[PDB]
Amino acid sequence: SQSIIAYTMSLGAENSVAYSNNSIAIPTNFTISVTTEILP
Amino acid sequence: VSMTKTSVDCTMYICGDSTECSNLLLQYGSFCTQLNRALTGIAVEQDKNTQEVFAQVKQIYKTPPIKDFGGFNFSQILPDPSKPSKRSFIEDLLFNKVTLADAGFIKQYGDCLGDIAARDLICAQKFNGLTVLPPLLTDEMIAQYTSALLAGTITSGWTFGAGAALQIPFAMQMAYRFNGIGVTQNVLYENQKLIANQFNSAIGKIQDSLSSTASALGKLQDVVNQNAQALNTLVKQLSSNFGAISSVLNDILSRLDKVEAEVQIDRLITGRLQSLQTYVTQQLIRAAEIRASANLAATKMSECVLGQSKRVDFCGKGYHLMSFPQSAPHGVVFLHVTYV
Amino acid sequence: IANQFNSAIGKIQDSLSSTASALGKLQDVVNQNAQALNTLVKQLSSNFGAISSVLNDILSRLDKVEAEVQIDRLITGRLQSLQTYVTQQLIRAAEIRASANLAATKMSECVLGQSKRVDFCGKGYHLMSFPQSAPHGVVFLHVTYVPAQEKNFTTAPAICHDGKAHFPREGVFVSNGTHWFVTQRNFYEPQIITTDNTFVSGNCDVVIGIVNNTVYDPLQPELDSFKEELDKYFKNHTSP
Amino acid sequence: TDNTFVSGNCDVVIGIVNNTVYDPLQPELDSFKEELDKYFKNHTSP
Ligand SMILES: *[C@@H]1O[C@H](CO)[C@@H](O[C@@H]2O[C@H](CO)[C@@H](O[C@H]3O[C@H](CO)[C@@H](O)[C@H](O)[C@@H]3O)[C@H](O)[C@H]2NC(C)=O)[C@H](O)[C@H]1NC(C)=O
Ligand SMILES: *[C@@H]1O[C@H](CO)[C@@H](O[C@@H]2O[C@H](CO)[C@@H](O[C@H]3O[C@H](CO)[C@@H](O)[C@H](O)[C@@H]3O)[C@H](O)[C@H]2NC(C)=O)[C@H](O)[C@H]1NC(C)=O
Ligand SMILES: *[C@@H]1O[C@H](CO)[C@@H](O[C@@H]2O[C@H](CO)[C@@H](O[C@H]3O[C@H](CO)[C@@H](O)[C@H](O)[C@@H]3O)[C@H](O)[C@H]2NC(C)=O)[C@H](O)[C@H]1NC(C)=O
Ligand SMILES: *[C@@H]1O[C@H](CO)[C@@H](O[C@@H]2O[C@H](CO)[C@@H](O[C@H]3O[C@H](CO)[C@@H](O)[C@H](O)[C@@H]3O)[C@H](O)[C@H]2NC(C)=O)[C@H](O)[C@H]1NC(C)=O
Ligand SMILES: *[C@@H]1O[C@H](CO)[C@@H](O[C@@H]2O[C@H](CO)[C@@H](O[C@H]3O[C@H](CO)[C@@H](O)[C@H](O)[C@@H]3O)[C@H](O)[C@H]2NC(C)=O)[C@H](O)[C@H]1NC(C)=O
Ligand SMILES: *[C@@H]1O[C@H](CO[C@@H]2O[C@@H](C)[C@@H](O)[C@@H](O)[C@@H]2O)[C@@H](O[C@@H]2O[C@H](CO)[C@@H](O)[C@H](O)[C@H]2NC(C)=O)[C@H](O)[C@H]1NC(C)=O
Ligand SMILES: *[C@@H]1O[C@H](CO)[C@@H](O)[C@H](O)[C@H]1NC(C)=O
Ligand SMILES: *[C@@H]1O[C@H](CO)[C@@H](O)[C@H](O)[C@H]1NC(C)=O
Ligand SMILES: *[C@@H]1O[C@H](CO)[C@@H](O)[C@H](O)[C@H]1NC(C)=O
Ligand SMILES: *[C@@H]1O[C@H](CO)[C@@H](O)[C@H](O)[C@H]1NC(C)=O
């Protein structure tokens, strides 16, 4: 039931940011993330 | 940010469908595979370069239908829906300045034979085994990435760079910028109509200048010109005898027997093989200049668009407030905003 | 913060115990240098138009003047195979040098410092990085603060109070819908708006979107409760 | 005294100049001394 498929690639998920002339979003919490960078 | 992807059939360039020349070319071993590997490595890197610069957003951000940005007017740099590609007004200006040669988007025989075949260099390249390959990202996809970078910036400031896009009013984002250059935020709010009118007028001068001067995108035109001049040089090296009785491989095979033709064909193989080794070395050297330029453009995207830079002269002249990316043919334009 | 760091370092260890191709940037360098040497050894199989690739089979079969014309063909192609290998290696050495110069800059700016440069030291706001050695490479484990659980607030650029416009010293004004606070901008931590949290500039006429609220002076009740201390002494001193 | 910080005496700094530095708590307590004084003077009357 597998096959090769061909498609136009997605660039990402779309997002309308909730902009208003007097609305702000402020983070109530944080995460600590560790990410790897590899260099020759 | 990139250059045209090229592929060559080393056998159709050197030997042009002679079986006698093809049997002689096998005696040189791996060189035609090496030349194809090197050009394939250059071509994959043009897509890599474009992904490093433009694909810096998680999500394709949209601007709100209510454009209340505190009197700042982004209409000339935001998408225009009236067009098949959703580019900005300034991105259409930029796409008119730089003249391309072959996008890779199918050449289909009847568009290339007959009356057209004389008045064209691209059909003379293609009839000699040389082909341009299309980019992985279309110009519409680069414009969607640039739309998302600009919508993320004007709706959320630097916050879409570090995590989720957090909305903030645009004049409050601009007051943050003012604190970041050592100016107190009341200097923005007490001068907001002036700061907005000066921004709106300075963006109007970008539109006017790009509508008026010819050579401003000469940095991108130089790249297209070099890649075209290198391919025209490579096609013209087929006129060279390299000491053979003719450069025309069929005239050698029409007039000479099996053993006389082999000595003349080896002279053409030697010079045409050296012409490809020269072209591929020059293109490998260029590809490193374009990479270094794309790595700089990706760093300017991160540090000038997704942030506010404290680095001097990194994001224009003055104290950096913010930058806006615009897509251009094989390049990027940053519109850098500075407090002077 | 310690448990989140300890768990994130645990996920580095788990991924490096689970996925294969993550070090593909370093494996590609080893693969390219090995493939370039295998290509150079294979070019010894090529005749370059001579009667054989094997130099001894030319010298075992041909006299001095016949052999020298065949050997010239092998010298020509083998010398060109080295000039190609060395040019390709000189072009690759410049890519590795640019990558080492970047890694030295990340060692200085991400390990020996804290970077304000966006996306130079991972994704998020940089805290610190840890170097780890790898075959022909370096790994940076970049630690970043990522803001996580955002809430919407109403906001204003200024507060109007005594006919004077007030601005945050550090922070931003926010409302939950009924009350106004100052918060630091990168973490929700709301405080009563005071003459210590804020600075004055001008009157309320100039600022687009200024809102009315009280701005507390903490010296006021410190002298208002003192105003009642005087009255209780004065009223007790009515007795003589 | 809200715009500025003190460090040391005037002997060390090359090019230091004399000026008044305002303490905004000073008149907020002097007008509170005149508030005490009028209370004391009025309460001499009984
Ligand atoms: C900020 O986000 C934190 C996550 O990054 C979050 O910490 C998590 O809190 C929950 C409880 O609310 C914990 O869940 C555990 O709670 C008890 C055991 O202590 C059990 O009953 C549960 O089944 C579960 O095991 C998480 O363990 C905890 N995560 C960490 C890393 O400690 C905070 O609560 C958030 N704080 C605020 C103020 O929003
Ligand atoms: C943001 O800046 C824009 C560029 O200056 C500006 O767009 C321009 O707006 C004017 C007035 O609406 C248009 O002028 C034309 O208006 C109608 C169109 O049917 C005609 O009857 C007029 O004769 C005149 O030609 C411009 O055409 C328009 N330019 C573009 C490129 O769209 C916006 O108005 C500014 N936005 C705000 C909120 O001020
Ligand atoms: C916006 O934030 C306000 C401050 O946090 C909040 O007001 C506070 O509401 C609580 C109840 O939820 C009150 O709590 C007190 O209630 C009585 C007061 O007599 C006492 O018996 C209790 O022990 C307790 O102290 C606070 O007094 C009140 N604070 C103020 C300054 O009014 C609002 O409710 C929040 N509004 C929204 C829309 O979330
Ligand atoms: C924020 O607080 C301000 C101070 O309390 C308040 O200003 C006051 O606004 C009203 C209505 O505009 C004015 O009322 C008077 O207007 C004229 C005379 O000025 C008369 O015709 C009216 O009958 C009435 O007497 C006040 O004069 C004005 N005060 C000052 C010092 O300017 C704002 O309205 C408040 N704004 C919001 C949105 O809450
Ligand atoms: C800045 O203000 C200072 C304080 O008012 C002032 O210092 C004073 O300077 C004078 C002149 O040098 C001194 O005058 C006395 O000098 C000796 C004794 O010290 C006597 O022989 C003199 O007759 C005279 O009484 C003050 O003693 C000195 N005060 C202090 C505390 O050091 C500066 O001169 C002012 N500088 C400028 C440039 O305005
Ligand atoms: C912040 O608010 C936006 C939109 O404004 C809100 O609209 C109401 C729904 C109500 O929440 C009001 O108090 C605000 O003024 C929220 O955006 C909506 O998100 C949902 C999905 O969660 C989506 O279905 C809606 O279409 C969105 N509406 C718009 C106009 O964008 C957003 O979720 C809030 N963000 C946070 C961090 O709480
Ligand atoms: C914000 O937009 C509303 C309309 O949604 C408008 O009535 C109001 O005057 C605007 N306020 C500011 C501060 O721009
Ligand atoms: C005055 O008040 C004090 C307490 O404040 C009390 O100890 C004292 O007895 C009172 N004297 C008179 C005369 O009221
Ligand atoms: C500045 O220069 C003047 C001479 O022009 C000199 O008299 C004075 O002492 C100097 N002051 C400082 C602060 O160096
Ligand atoms: C003076 O003191 C009396 C009480 O003895 C009080 O009634 C009056 O209000 C005071 N007036 C002033 C001006 O202090």
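Around C:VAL207, with a cut-off of 14 angstrom between Cβ atoms, what is the net charge of the other residues, counting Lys and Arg +1 and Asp and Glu -1?
Numbers: positive: B:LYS193, C:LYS164; negative: B:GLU190, C:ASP205.
That works out to 0.
What does the average come to when, for each residue of peptide C:209-220, you count the partner chain Cβ atoms lying within 10 Å of its Cβ?
Details: counts 8, 1, 1, 0, 0, 0, 0, 0, 1, 0, 4, 1.
Partner-chain Cβ atoms within 10 Å, mean over residues of C:209-220: 1.
Order by neighbour count: B:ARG286, B:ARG177, fewest other Cβ atoms within 10 Å first, most last.
Working: B:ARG286 16, B:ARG177 21.
Ordered from fewest to most neighbouring Cβ atoms within 10 Å, B:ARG286, B:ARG177 come out as B:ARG286, B:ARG177.
Which cross-chain or sequence-distant (5 or more) residues have an amide H under 5 Å from the amide H of C:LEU127, H modelled 1.01 Å from N in plane?
C:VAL143, C:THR144, C:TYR145
Counting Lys and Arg as +1 and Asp and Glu as -1, each charge on the Cβ, what is the dipole of the range C:1-102 about the Cα centre in debye, to the nearest 20? Walk me through the intermediate numbers first.
Working: 9 positive and 8 negative charges, 55 e Å.
Computed charge dipole of the range C:1-102: roughly 260 debye.
For helix C:24-42, what angle does its Cα long axis make with the longest principal axis of chain C, in degrees from 0 to 90 and rounded to 10?
10
Based on Cβ point charges of +1 for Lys and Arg and -1 for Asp and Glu, what charge dipole magnitude is obtained for the protein assembly as shown about its Cα centre, in debye rounded to the nearest 20? Intermediate values should be presented prior to the final figure.
Details: 51 positive and 59 negative charges, 212 e Å.
Here the protein assembly as shown has a charge dipole of around 1020 debye.
On average over all directions, what projected area in square nanometres does chain B have, based on the convex hull of its Cα atoms?
20.7
Calculate how steeply helix C:64-106 sits against the longest principal axis of the alpha-carbon atoms of chain C, using the helix alpha-carbon long axis, and give the answer as 0 to 90 degrees to the nearest 10.
With both axes taken from Cα atoms, the answer is about 10 degrees.
Mind pulling the per residue volume of the convex hull built on the Cα atoms of the range B:1-107? Å³ is fine.
Cα-based convex hull of the range B:1-107, divided per residue, equals 156 Å³.
List, in order, the whole-Hz ³J(HN,Hα) value for each residue of the range B:305-310 obtained from phi through the Karplus relation with A = 6.51, B = -1.76, C = 1.60 and θ = phi - 60°; use x for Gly and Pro.
Working through the residues one at a time gives 8, 7, x, 10, 7, 8 Hz.
Per DSSP H run of at least 4 residues, take -39500 (n - 2.57); add these up for chain B, divide by its residues and hand me the 222 nm value, nearest 500 deg cm²/dmol. Walk me through the numbers before you get to the answer.
Details: 14 runs with 181 residues, N = 340.
So the helix-based figure for chain B works out to -17000 deg cm²/dmol.
If the viscosity is 1.002 mPa s and the temperature 20 °C, what Stokes-Einstein diffusion coefficient in µm²/s follows for the range B:160-203 when Rh is the Kirkwood radius over Cα pairs? Could you put the intermediate results ahead of the total?
Numbers: Rh = 11.5 Å.
Translational diffusion coefficient: 187 µm²/s.
For the range C:57-104, place one equal point scatterer on every Cα, skip the solvent, and apply the Debye formula. What is log10 of I(q)/I(0) at q = 0.14 Å⁻¹?
Computed log10 I(q)/I(0) values: -0.54.
Residue farthest toward the positive end of the dipole of chain D, with Cβ of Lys/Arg at +1 and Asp/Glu at -1: which of D:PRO46, D:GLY8, D:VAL21?
D:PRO46
Where does the charge balance sit around B:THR146 when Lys and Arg score +1, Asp and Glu -1, over other residues with C-beta under 9 Å from its C-beta?
Values: positive: B:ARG87; negative: B:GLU91.
That works out to 0.
Magnitude of the Cβ-charge dipole of chain C, K/R +1 and D/E -1, about the Cα centre, nearest 20 debye?
On the way: 20 positive and 22 negative charges, 174 e Å.
That gives a dipole near 840 debye.
For the charge dipole of the range C:94-226, defined by +1 on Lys and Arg C-beta atoms and -1 on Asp and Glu C-beta atoms about the Cα centroid, which residue among C:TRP180, C:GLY124, C:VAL139 has the Cα displaced farthest towards the positive pole?
Looking along the dipole axis, the top candidate is C:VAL139.
Summing -39500 (n - 2.57) over the DSSP H runs of n ≥ 4 in chain C and dividing by its residue number, what mean residue ellipticity at 222 nm do you reach, to the nearest 500 deg cm²/dmol? Provide the component values of the computation, followed by the final result.
Working: 5 runs with 102 residues, N = 240.
-14500 deg cm²/dmol, from helical runs alone.
Which ³J(HN,Hα) values in Hz, rounded to whole numbers, follow from the phi angles of the range B:329-340 under the Karplus curve 6.51 cos²θ - 1.76 cosθ + 1.60, where θ = phi - 60° and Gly and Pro get x?
x, 6, x, 9, 10, 9, 8, 8, 9, 10, 7, 10
Need one value for B:52-62: mean number of C-beta atoms belonging to other chains within 10 Å of its residues' C-beta atoms.
3
For the range B:196-340, how big is Rg over Rh, using alpha carbon atoms and the Kirkwood form of Rh? Can you show the working numbers first?
On the way: Rg = 25.1 Å, Rh = 19.6 Å.
Expressed as Rg/Rh, it is 1.28.
Put +1 on the Cβ of every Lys and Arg and -1 on every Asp and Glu Cβ in the protein assembly as shown; which of C:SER99, B:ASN241, C:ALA36 then has its Cα farthest towards the positive end of the dipole?
It is B:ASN241.
Summarise the long-distance tail of P(r) for the range C:117-191 by giving the % of C-alpha pairs beyond 20 Å.
Values: 1480 of 2775 pairs.
Taking all Cα-Cα pairs of the range C:117-191, the fraction more than 20 Å apart is 53 percent.
Please report the base-10 log of the normalised intensity I(q)/I(0) for the range C:1-74, using a Debye sum with one equal scatterer per alpha carbon and no solvent, at each q in 0.21, 0.22, 0.24 (1/Å).
Results for the range C:1-74 at q = 0.21, 0.22, 0.24 Å⁻¹ read -0.90, -0.93, -1.00.
Go through the range C:228-240 residue by residue and turn each phi into a ³J(HN,Hα) via Karplus (6.51, -1.76, 1.60, θ = phi - 60°); whole Hz please, and just put x for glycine and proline.
With the stated coefficients, the range C:228-240 comes to 6, 4, 5, 4, 5, 5, 5, 5, 4, 6, 6, 4, x Hz.
Show the residues, 5+ positions off or on another chain, whose built amide H is closer than 5 Å to the amide H of B:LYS62.
A:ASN15, A:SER16, A:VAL17
Around B:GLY318, under 14 Å between beta carbons, what's the net of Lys plus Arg minus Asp minus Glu among the other residues? Walk me through the numbers before you get to the answer.
Values: positive: B:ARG177, B:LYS310, B:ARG311, B:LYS317; negative: B:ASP313.
Around B:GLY318, the charge tally is +3.
Anything in chain B that counts as a DSSP H helix reaching 18 Å or more along its axis (C-alpha) with Kyte-Doolittle mean of at least -1.0? List them, would you? Present the calculation step by step, with values, prior to reporting the outcome.
On the way: long enough: B:31-54 (35 Å, -0.28); B:139-156 (25 Å, 0.44); B:192-212 (30 Å, -0.23); B:218-236 (26 Å, -0.31); B:258-300 (61 Å, -0.11).
Membrane-span-like by this criterion, though nothing is claimed about a membrane: B:31-54, B:139-156, B:192-212, B:218-236, B:258-300.
Among all stretches of chain B without exposed chymotrypsin sites (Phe, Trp or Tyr not before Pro) (DSSP loop, at most 12 other Cβ atoms within 10 Å), which one is longest? Intermediate results must be reported in sequence, preceding the final value.
On the way: sites that count: B:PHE105, B:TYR109.
Excluding the exposed sites themselves, the longest stretch runs over B:110-340.
For the protein assembly as shown, what value does the Rg/Rh ratio take when both radii are computed over Cα atoms and Rh is the Kirkwood radius, given to two decimals? Write down the numbers at each step before the final one.
Details: Rg = 35.8 Å, Rh = 31.1 Å.
Over the Cα atoms of the protein assembly as shown, Rg/Rh equals 1.15.
Inside 10 Å of the C-beta atoms of C:139-145, what's the mean count of C-beta atoms belonging to other chains?
On the way: counts 4, 5, 4, 5, 4, 8, 7.
Average per residue, whole number: 5.
Under the rule of at least 5 residues apart or a separate chain, name every residue whose amide H is placed under 5 Å from the amide H of B:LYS5.
Distant-sequence amide H within range of B:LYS5: B:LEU133.
Got a sec? How would C:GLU189, B:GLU91, C:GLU170 order by Cβ neighbour count within 10 Å, fewest to most?
On the way: C:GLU189 13, B:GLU91 27, C:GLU170 10.
The order, fewest Cβ neighbours first, is C:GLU170, C:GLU189, B:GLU91.
Heads up, the Cβs are rebuilt from the backbone with ideal geometry, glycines too, and the neighbour counts pull from every protein chain shown. Each reported figure results from applying straightforward, stated rules to the coordinates on display, with no laboratory input.
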